[PDB]
């Protein structure tokens, strides 16, 4: 049985190898069990300094979501998160606008909708629009990582052509695609 909560299923992975791109982080995820799990109910993390994977920086980064960590990971040089679950969206057009250090990839219903395939100091990208064909819970996943230094990850989403943006949070997230009443 999988937990039903108003959030995405979160996994954290650390490494002492360099993360340069999405492929490197995805290979890390494939290579082992998560170093920690958590509920990603308020997806606006950071900003902090001095490596996400060191000390209590992950806790600080995750903030309101850190109380759901399964463990306190030990130190690593590099690290990142893999989030998966569902997001309620009505049919229509949307676009992400993401602030991040380092890179990331967001997919909805199996298609990338926001990609930065490289390391970077803090930068905000307004991504191209995509369509949702049928109202309801859409499949979503995210990866983000820190190669070292500062760290921040705030995907925001617009339903109104980029006039207003919102954080993905417990209003619309579901871990399993069932309706959460939490």
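Positions refer to the first chain, counted from 1.
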| said: Averaging CA B factors per stretch from the PDB record, which one is higher: 142 to 150 or 28 to 36? | reply: 28 to 36
| note | The stretch whose C-alpha atoms carry the larger average B-factor in the entry, 66 to 74 or 128 to 136, is 128 to 136
| note | Of the residues 22, 167, 173, 9, the one whose Cα carries the largest B-factor in the deposited record is 22
| said: Maximum C-alpha temperature factor per the entry, among 59, 42, 49, 118, belongs to which one? | reply: 118
| field | Where the record places residue 84 (Cα B-factor, split into thirds across the chain) | value | middle
| message | Quick check for you: using the entry's CA B-factors within this chain, is residue 109 in the lowest, middle or highest third? | response | highest
| note | Among the modelled residues of its chain, the C-alpha B-factor of residue 93 falls in the third labelled highest
